[PDB]
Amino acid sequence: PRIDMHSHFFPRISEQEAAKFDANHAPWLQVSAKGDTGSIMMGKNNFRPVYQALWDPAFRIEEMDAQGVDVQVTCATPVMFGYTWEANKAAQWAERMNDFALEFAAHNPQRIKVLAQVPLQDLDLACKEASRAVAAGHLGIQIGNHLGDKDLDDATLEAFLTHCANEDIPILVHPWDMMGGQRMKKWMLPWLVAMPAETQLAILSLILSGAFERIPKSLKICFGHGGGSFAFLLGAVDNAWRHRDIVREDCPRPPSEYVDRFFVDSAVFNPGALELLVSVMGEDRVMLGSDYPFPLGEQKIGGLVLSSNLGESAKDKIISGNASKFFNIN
């Protein structure tokens, strides 16, 4: 079947319910009276216009049919993370969101799988939430790729990964809270420039810090959006490792050898980019992700893989094989 392992949801939360958590920074969902469109709010502010398939599981199915998608793995919209909040409030939030997801998916748990969020600022509460959420349904965890000035090499984030590997919980790493600051507002530049750099930073943070050495090889970790610009700029990285002390210091093998340690989704929107990606990662390590139902995710899901010059077996693993093994969908 077709397995789309990168999609998003947003739960039914009213302004008042989100107010209890944080009347200013807790997101919620404003739906039209018809019920077809809607907005993600943020206190009183409009954040991002959305539509029915983000909150409605039934309505999501009828698009899951038209696109030929059999099983969808879905998870929190990044605005729900709340990594900057006080920890207990966040842990409570993350528990409530993971509950909403199970509800969402339970409409038809055969086709809709979910991933959990965690209060990643607090290592203890994050591990607790991850175990709890998986035992209760979720097939794994989605996290943002960094926590303020902390990247995946931070010991707190490295310890979370280790915990997930110990308990055989699979992780999807998603870019969010993009760098760039004031210079990238127009033309969705944060999406096009900062977001792939964020992801590539995350991957390189694990590799060059030595982290993969101190993390069990049993960890299932996947990077969204093709690993960003990772696969393309990897040559420049091997070259820096070869010729600079400071680059080599904590990384014992050539950085390129580490593609055996993680996965990437397939959303790179270009036949040749996909072929370089598969070349670097191997057909075993790339999975179909659409970024549904957001405006700039692949509009015909799986379109790019199937239209490619890849072997029938390579097209099968990517569209199905690798995510049945990765998330243990049978």
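A residue's number is simply how far along the shown sequence it sits, counting from 1.
- For the segment pair 257 to 265 and 22 to 30, the entry gives 22 to 30 the higher mean B-factor, averaged over Cα atoms.
- According to the PDB record, 181 to 189 carries the higher mean C-alpha B-factor of the two stretches 181 to 189 and 225 to 233.
- Taking the deposited Cα B-factors for 106, 201, 172, 155, the highest one is held by 106.
- Ranked by C-alpha B-factor against the other modelled residues of its chain, residue 163 falls in the lowest third.
- The PDB entry assigns residue 2 a C-alpha temperature factor belonging to the highest third of its chain's modelled residues.
- Ranked by C-alpha B-factor against the other modelled residues of its chain, residue 122 falls in the middle third.
- In this PDB entry, residue 245 carries a Cα temperature factor that places it within the highest third of its chain's modelled residues.
- Per-chain ranking of the deposited C-alpha B factor places residue 87 in the middle third.
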